[PDB]
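So you can see what is in the structure, the chains are spelled out below.
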Amino acid sequence: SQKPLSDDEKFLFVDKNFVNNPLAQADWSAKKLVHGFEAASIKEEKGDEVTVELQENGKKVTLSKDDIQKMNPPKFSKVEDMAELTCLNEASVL
Amino acid sequence: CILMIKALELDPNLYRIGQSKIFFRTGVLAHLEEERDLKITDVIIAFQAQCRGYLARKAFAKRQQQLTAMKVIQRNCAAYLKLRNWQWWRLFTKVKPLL
Amino acid sequence: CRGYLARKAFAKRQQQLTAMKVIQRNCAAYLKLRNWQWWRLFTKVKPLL
Amino acid sequence: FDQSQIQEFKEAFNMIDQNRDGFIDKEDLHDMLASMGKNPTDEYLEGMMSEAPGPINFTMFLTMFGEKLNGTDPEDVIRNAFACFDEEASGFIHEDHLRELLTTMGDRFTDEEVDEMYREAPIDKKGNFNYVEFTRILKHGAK
Amino acid sequence: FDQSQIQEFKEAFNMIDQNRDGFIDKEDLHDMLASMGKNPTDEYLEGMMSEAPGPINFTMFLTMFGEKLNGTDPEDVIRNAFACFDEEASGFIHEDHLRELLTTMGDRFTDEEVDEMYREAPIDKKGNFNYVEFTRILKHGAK
Amino acid sequence: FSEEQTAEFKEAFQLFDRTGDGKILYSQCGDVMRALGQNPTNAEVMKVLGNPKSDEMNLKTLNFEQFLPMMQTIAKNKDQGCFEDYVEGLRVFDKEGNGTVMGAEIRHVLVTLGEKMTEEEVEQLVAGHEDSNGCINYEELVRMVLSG
Amino acid sequence: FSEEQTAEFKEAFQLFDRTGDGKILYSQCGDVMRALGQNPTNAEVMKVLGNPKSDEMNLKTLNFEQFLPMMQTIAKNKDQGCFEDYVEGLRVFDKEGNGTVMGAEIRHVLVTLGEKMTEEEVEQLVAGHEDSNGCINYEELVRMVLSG
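So, a few notes on the structure that sits alongside this text.

Comments concerning the overall build of chain C
On a plain count of helices and strands, chain C comes out with 1 helix and 0 strands. Across its three principal axes, chain C shows a C-alpha extent of roughly 65 × 15 × 10 Å. Counting across all 49 residues of chain C, residues that qualify as buried make up 61%. In the structure as shown, chain C presents an accessible area of about 1900 Å², 61% of it carried by carbon and sulfur atoms.

Here's what the structure looks like:
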């Protein structure tokens, strides 16, 4: 549950990921952050021919938009409610 | 809320001006969160830099005021060179001894 | 009664109109001559009138 | 102009000058305003006299003193509408009453006019603007 | 009279002396003006005190500087008028055209006044002059 | 409604003018079309005007060109209810049908029936038409409100 | 503009002349322009001088004739602070929501956050306005120092 005094609830007390900075778009690539998908930055978008800067892989790779869905800002990663994401793609829900 | 919506330059369609909350579907929610966060950064840092200068302002010194004062002394010296010579220093006097 | 009372109140409404019509003009013209230019350099020649 | 104002400007010409000939000169104004108070820079008296071509002539200084004293609606209608405008029952229209009128009625008027009539007139200093005598000041009553 | 002129006279008199008592005491401003500029003699302020009923008090020099700055109006409208006389909007004003237009307006003007104006006007060898400083000087400025 | 008393209509129109521009507030032009030989309630006084909102009622004045529509739309009433129906209905209304109605109850059914008048309205109605009895005679009351 | 303040420019200039030669360090000369009614941040203090390198801040000292261009662009900084930006930046600094900002919290969000200068600077922000919980009345604080 929600007890920050007990890790026994911290296996449920949700550590929704964040950037610890008052900006919210520096964690999800405004191009597209990226079945543990590979949070990334589109460097060259040619359709799905998307060399995302695979920031979870560090790879400017033409990668599947299967991985490159709206992996919403990691500020919405590991959230209680998946609905807290920008777009609830399992690129981010997952 | 509709005010800060038009100030967001939007209107609720994937969010909702309701009765108690702007209910957010997936979408406009975190987009608006991102806009809010960006502008929070903006206004924080803007006040911080304007505040650094600002705090030099509050912080100048009292040498500030003594310098302004010596400037006023220069002004009054120029003023006595201004009026006490020509007949505009004796054109309201010499009569109030009888007024 | 409401027709009656607007007939009754014509006598107050038109007189209010005319009264404020003269009031605005005269008050504004007074404030005009009060912000007149020749009232601070002429006001020292006025003691010689 | 007003016949009373014309005769008061004649009286002016006859008190400033002791050699009445239909012309006022600079020395007369200088000396007399130096007696009652003290004349300011002679430039101001030349400016007052230069509101008429050359030396101010009889009908010419009459009309000059005329248009220097007037240029707006007479004192009578001023004080009359001041009376019928009073919603305070004090006898004189308030500074704040003239204030609340000038905003939503006629045209706007800055309070600097109000502060100037306040500080430059012997009116009663209680937040009420008198016009029975001040409008006469506007027609040369006291100042 | 006008508020700005009198408050400026007040601040000037309060900064000029070292022991303020509502009077201008010879030694204090004597030593000040001697320290920064020309050293005067007790004869000047002796005549100044013989130019006033008894000692020179607060209101004495108050109304002194008052009317010795009166005859001058709020320089707001005067600077607004001084700017629009130009035909190319360079930002500078000339005095000779003003004098030529005023000498034909009304009566004949004097020559002490133009001297008072010139003795405090920064003029170059091309008649370069501006009204940002002129209206300041006419109102007890810093020349 | 004829275009000859257009003169009278413009006259009284400007009579309850406040903006002073040949343009009269809609509640004001409504009290106007009232005192132009009519007796309309402030409700219909407003509605006859192309239904102006309370803002339009007292902010957007009436251009006299559209006061000619208003004079049309007010000239439908020109007066109020029948005085025989007045007397029979305020008799049957009155719990006895005596000839008068309680100033209490008449001011009541004047503020508790139809358009709820301001009690000053039902009073300048009732007072100034009262019989000093407390059962204010709606006969004299209604009728002198009818003529007045 | 005029000479009455141009000599003020000279004097407030040689004020921060730790060398007293009429030529004042770029940090110190933007500090001068602070001293002249404006208030540039050390960042903009320099920024007005052609974005000087850290040594040009101090070794390429600024003469008074070069002080007029920099002072003009000090006035063109307009980083004197907007009162809505004041109240809003202090309002997100008013994370307590009191119409006030904690003194320790401000010094945190002022010298341990954002643009930097002397810690004492954000002190005399909060100092001279220190109150309960250091809750610097951010609106009062900021309007006074804006006038200040």
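The discussion continues.
Here we look at the arrangement of the chains
No other pair among the 9 pairs of chains in contact exceeds the contact count of chains B and G. Separated throughout, chain B and chain C approach each other most closely at a C-alpha pair spaced 13 Å apart. Between chain D and chain G there is no contact; the minimum C-alpha to C-alpha separation amounts to 23 Å.

Considerations on the pattern of salt bridges
Following the criterion strictly, the structure yields 43 salt bridges over all chains and no others. Across the pair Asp31(F) and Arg34(F) runs a salt bridge, and its minimum N-O distance is 3.0 Å. Highlighted residues: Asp31(F) and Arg34(F), both in helix α2 (residues 26-35), separated by 3 residues, approximately one helical turn. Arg34(F) carries the same exposure label as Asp31(F), and that label is buried. Connected through shared salt-bridge partners, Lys75(A), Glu33(B), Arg36(B) and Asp37(B) make up one network.

Some remarks on the sheet that holds strand β2 (residues 49-54) of chain A
Strands belonging to one sheet form pairs held by backbone hydrogen bonds; the direction of such a pair is parallel or antiparallel. All names here are of chain A. Read across the open sheet, the 3 strands follow the order β1-β2-β3; overall the sheet is antiparallel. Single-partner strands in this sheet number two, and they are β1 (41-46) and β3 (59-63). Taking each pair of neighbouring strands and ignoring which way they run, the sheet shows an average axis angle of 20°.

Some details on a nonpolar patch on the surface
Taken together, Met70(B), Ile73(B) and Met36(E) make up a surface patch of nonpolar side chains, about 260 Å² in accessible area. With respect to the helices and strands, the residue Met70(B) is situated in helix α3 (residues 63-83).

Examining the side chain of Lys139(D)
All names here are of chain D. By secondary structure assignment, the location of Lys 139 is in the segment after α8 (134-137). We note that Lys 139 is buried and unpaired, the nearest opposite charge coming from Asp 73 at a distance of 6.5 Å. Residue contacts for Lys 139: discarding those within four places in its chain leaves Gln 5, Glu 8, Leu 69, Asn 70, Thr 72, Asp 73, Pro 74 and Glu 75.

Some thoughts on helix α3 (residues 42-49) of chain D
With 7 of 8 residues buried, α3(D) lies mostly within the body of the structure. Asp42(D), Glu43(D), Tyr44(D), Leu45(D), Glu46(D), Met48(D) and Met49(D) are the residues of α3(D) that are buried.

Topic: unusual backbone geometry
Positive phi outside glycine occurs at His140(D), with the angle close to 60°. Turning to its location among the elements, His140(D) is positioned in the segment after α8. By relative accessible area, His140(D) is classed as buried at 16%. Of note, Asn133(G) is a non-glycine position whose phi angle comes to about 65°, a positive value. Summarising the element assignment, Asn133(G) is placed in the loop between α7 (119-126) and β4 (135-136).

Points about the environment of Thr63(D)
Tracing the backbone through its elements, the reader meets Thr63(D) in helix α4 (residues 58-69). The sequence separation of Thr63(D) and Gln5(D) amounts to 58 residues, and the corresponding C-alpha distance is 9.8 Å.

Brief notes about the nonpolar core
Membership of the largest hydrophobic core comes to 28 residues, with the highest contact counts inside it found for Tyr30(C), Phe82(D), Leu98(D), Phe129(D) and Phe134(D). Only α1 (2-34) of chain C together with α5 (75-85), α6 (95-104), α7 (111-119) and α8 of chain D provide two or more residues apiece to this core. Here this core gets 8 residues from one element, more than from any other, and that element is α1(C). Once you skip the residues sitting within four places of it in the chain, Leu98(D) turns out to touch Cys27(C), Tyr30(C), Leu31(C), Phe82(D), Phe85(D), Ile93(D) and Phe129(D). One finds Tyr26(F), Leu62(F), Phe67(F) and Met70(F) within the second-largest nonpolar core, a separate group that totals 25 residues.

Some details on the pairing of β3(A)
It is a general feature of regular strands that their side chains alternate between the two faces of the sheet. Residue and element names in this part refer to chain A. As paired elements, β2 and β3 share 5 bridges and run antiparallel to each other. Looking at the pairing, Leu 54 lines up with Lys 59 of β3. Counting the residues between successive antiparallel strands, the hairpin from β2 to β3 contains 4 residues, one of them, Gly 58, with a positive phi of roughly 60°.

A closer look at the packing of aromatic side chains
In total, this model carries 39 aromatic pairs over all chains according to the counting rule given. An angle of 75° between the planes, with centres 6.2 Å apart, marks the rings of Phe92(D) and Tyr131(D) as edge-to-face. Here the residue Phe92(D) occupies a position in the loop between α5 and α6, and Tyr131(D) occupies one in the loop between α7 and α8, the gap between them amounting to 39 residues. Under the relative-accessibility criterion, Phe92(D) is labelled partly exposed at 26%. A residue is classified by how much of its surface remains accessible, and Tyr131(D), at 4% relative accessible area, is buried. Three or more aromatic residues joined by ring pairs make a cluster, and in this case those are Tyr80(B), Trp89(B), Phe9(E), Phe13(E), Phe58(E), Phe61(E) and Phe65(E). A cation sits over an aromatic face here: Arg84(B) above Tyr44(E), 5.7 Å from the ring centre.

Description of the packing of helix α2 (residues 28-59) of chain B against helix α5 (residues 83-92) of chain G
Two numbers describe how α2(B) lies on α5(G): the axes approach to 8 Å, and their chain directions differ by 115°. Classified by the angle their axes make, α2(B) and α5(G) are roughly perpendicular. By crossing handedness, the relation of α2(B) to α5(G) is classed as left-handed. Contacts from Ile40(B), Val43(B), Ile44(B), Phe47(B), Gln50(B), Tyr54(B) and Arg57(B) of α2(B) reach α5(G) at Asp85(G), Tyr86(G), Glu88(G), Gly89(G), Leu90(G) and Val92(G).

Observations concerning the interface of chain B and chain G
Taken residue by residue, the interface counts 25 residues in chain B and 51 residues in chain G. Linking chain B with chain G are 1 salt bridge, by the criterion used here. Put simply, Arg52(B) and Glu121(G) hold a salt bridge, and the shortest N to O gap is 3.9 Å. Put simply, the parts of the chain that give the side of chain B that touches chain G at least two residues each are α2 and α3 of chain B. Ranked by residue count, the leading element in the side of chain B that touches chain G is α2(B), at 17 residues.

Here is what the cut-offs are and how they apply
Residues numbered from 1 in each chain as written, not as in the entry; some residues may be left out. Chains lettered and ligands numbered in written order. Part of a larger assembly, values for the part shown. Heavy atoms only, no water. Helix = DSSP H or I, 4+ residues; strand = E, 2+ residues; numbered from the N terminus. Buried < 20%, exposed > 50% of the residue type's maximum accessible area, 1.4 Å probe, protein only. Areas by Shrake-Rupley, 256 points an atom, 1.4 Å probe, with all protein chains shown as cover. Contact = heavy atoms within 4.5 Å. Salt bridge = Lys/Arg side-chain N within 4 Å of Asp/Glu carboxyl O. Pairing = 2+ DSSP bridges. Axes fitted to C-alpha atoms, helices over the stretch in contact; angles between N-to-C directions. Patch = residues over 30% accessible without salt bridge, like charges linked within 9 Å, V, L, I, M, F, W, Y side chains within 5 Å. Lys, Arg positive; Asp, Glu negative; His and termini not counted. Core = buried A, V, L, I, M, F, W, Y, C linked by side-chain atoms within 4.5 Å. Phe/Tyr/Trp six-rings, centres within 6.5 Å; stacked < 30°, edge-to-face > 60°. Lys NZ or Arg CZ within 6 Å of the ring centre and 35° of its normal. Parallel < 35°, antiparallel > 145°, perpendicular 65-115°, else oblique. Left-handed = near helix turned anticlockwise from the far one by under 90°.

Read these as spatial facts, not as claims about activity.
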